[PDB]
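In the entry's author numbering, the protein residues as written are 2 to 190. All remarks here apply to the structure that follows.
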Ligand SMILES: [Ca+2]
Ligand SMILES: [Ca+2]
Ligand SMILES: [Ca+2]
């Protein structure tokens with residue numbers, strides 16, 4: 002399927018512009034020390050944020066999951082790079098789709114309170130092993146791990162159909178009243 006690189010390289014002998022140039026170095030700096038060197042969920046989390054407590058692995062592990070879905074357990078240079086443009090540089094609304102996918106842990110085309118508790122739960126383990134404990138209790142009235150889920154579901158939804166489709170979430174994630182800040186997690190810093 003597809004190829005071993007971008008369509009540009011396939012046709013064009015060396016593409017052009019400072020575009021590929023930037024990638025030429027990336028593709029080389031990574032494959033230079035290893036011909037046909039592919040990345041792995043482990044080599045990624047490491048060569049990227051190489052954390053320590055590891056706890057902050059659930060979050061990243063998700064990234065590779067939502068992005069690396071080909072089903073080969075491996076992620077070639079191409080895939081990775083694609084993610085960058087989707088995050089590194091300015092990110093357009095295209096995020097509404099990719100993010101909606103991050104939650105899709107069961108792969109079915111529909112999101113359910115099951116996926117909500119899954120991802121959020123992950124975001125919790127992250128902010129937990131971070132530089133703060135946000136002492137759930139004394140900190141602004143804590144809640145149950147299932148509460149937040151029922152909060153993002155009800156708000157994003159409204160018909161009570163019992164199913165959170167893309168369009169439903171997309172529009173419910175385009176602005177809402179708090180879905181962004183939360184689901185966003187990073188925000189900017
Ligand atoms: Ca892959
Ligand atoms: Ca799903
Ligand atoms: Ca619905």
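C-beta: ideal position from N, C-alpha, C; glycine also.
Best match in the options for proximity to residue i [C-alpha to C-alpha]
i           : options            : result
residue 88  : 62, 133, 99        : 99
residue 167 : 53, 40, 110        : 110
residue 186 : 92, 11, 159, 128   : 128
residue 97  : 15, 177, 16, 3     : 177
residue 149 : 179, 159, 132, 165 : 179
residue 79  : 39, 58, 135        : 39
residue 125 : 112, 47, 143       : 143
residue 151 : 101, 117, 26       : 117
residue 31  : 90, 95, 119, 76    : 76
Closer than 8 angstroms: residue i CB and nearest ligand 3 heavy atom
i           : result
residue 166 : yes
residue 161 : yes
residue 53  : no
residue 177 : no
Element boundaries [alpha helix (DSSP H), containing residue i]
i          : result
residue 90 : No alpha helix (DSSP H) holds residue 90; DSSP gives it neither H nor E.
residue 65 : 58-68
residue 27 : 18-32
residue 12 : 8-12
Proximity test, residue i beta-carbon vs ligand 2 heavy atom, cut-off 8 angstroms
i           : result
residue 106 : yes
residue 116 : yes
residue 113 : yes
Proximity test, residue i beta-carbon vs ligand 1 heavy atom, cut-off 8 angstroms
i           : result
residue 13  : no
residue 44  : no
residue 103 : no
residue 77  : yes
residue 62  : no
residue 69  : yes
Beta-bridge partners of residue i, as assigned by DSSP
i           : result
residue 41  : 75
residue 112 : 165
Check: What are the complete alpha helix (DSSP H) segments, minimum 4 residues, inside the region 144-184?
Finding: 146-157, 167-175
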